[PDB]
Structure formats: C-alpha cells, structure tokens
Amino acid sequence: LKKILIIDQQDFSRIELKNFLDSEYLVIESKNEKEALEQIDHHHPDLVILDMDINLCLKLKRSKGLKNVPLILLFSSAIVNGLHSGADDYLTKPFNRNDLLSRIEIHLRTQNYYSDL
C-alpha cells in the first residue's frame, strides 16, 4: 500500500478524508506542522495532502523526506496570485472525492513511472 499523509487542523474534515482514503491506502493523519514533519521522519509517505486551514508547502518541500513526493493542497474560498506556491496540485474545497482519488492515483502512478525509470 502507498502511504498518504494528511495534514488538517479541523478534526471533522481530517477524519472524513482518512475514512474515505483508508479503503485504498495506508493513511497517516496529522493536525499541525510539527506532527506532520514528525510523521514524515518516521514514515516517509508517498504522497502528502495539505489542508490550508492549518507557506507550509515550502517548509515541507524544504524537508529531506519529501524528495519525489507530491504535495496536494486543499483550500477553501490569491493562490492564483501566487501565494502558497510550491505544491504539485491544488483542489478547492469542497472537493469531489472521486476527482481527488483520481489525482492521487495519477500522482502516485507518475511517482512509480519515475521509480521504474
């Protein structure tokens, strides 16, 4: 199973995401920056999903544990202006669960593509 780290301060949405993703992946939850970074050192996830409600993209990207690991940013209702750049993909909230699952699968597939390369 591929590993997905979710970072979200809001417990309700964090749990809704993990419950949804648990059927397909090994899912690690995190509620803040320090937890996230610690989970990265301990588990080295294959993909990271960051909810804006917690430039954290940069910080995570400036981390030796995220090499070749895509970051997906989820944000509510500026990013188009360039703020919080550094992520590999951006989904607005609420997100279509089926579209998220598709992007995740495509990003991991690309990850494998380069691994096999």
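The numbering used is simple: start at 1 and walk along the sequence shown.
Counting the deposited residues that fall between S77 and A78 and carry no coordinates gives a value of 4 to 9. Per the record, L26 and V27 are directly connected, with no deposited-sequence residue omitted between them. The PDB entry records a higher mean C-alpha B factor for 92-100 than for its counterpart among 92-100 and 18-26. Higher mean CA temperature factor, per the PDB entry, when comparing 30-38 with 78-86: 78-86. In this PDB entry, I72 carries a Cα temperature factor that places it within the lowest third of its chain's modelled residues.
When the modelled residues of the chain are ordered by C-alpha B-factor, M52 sits in the highest third.
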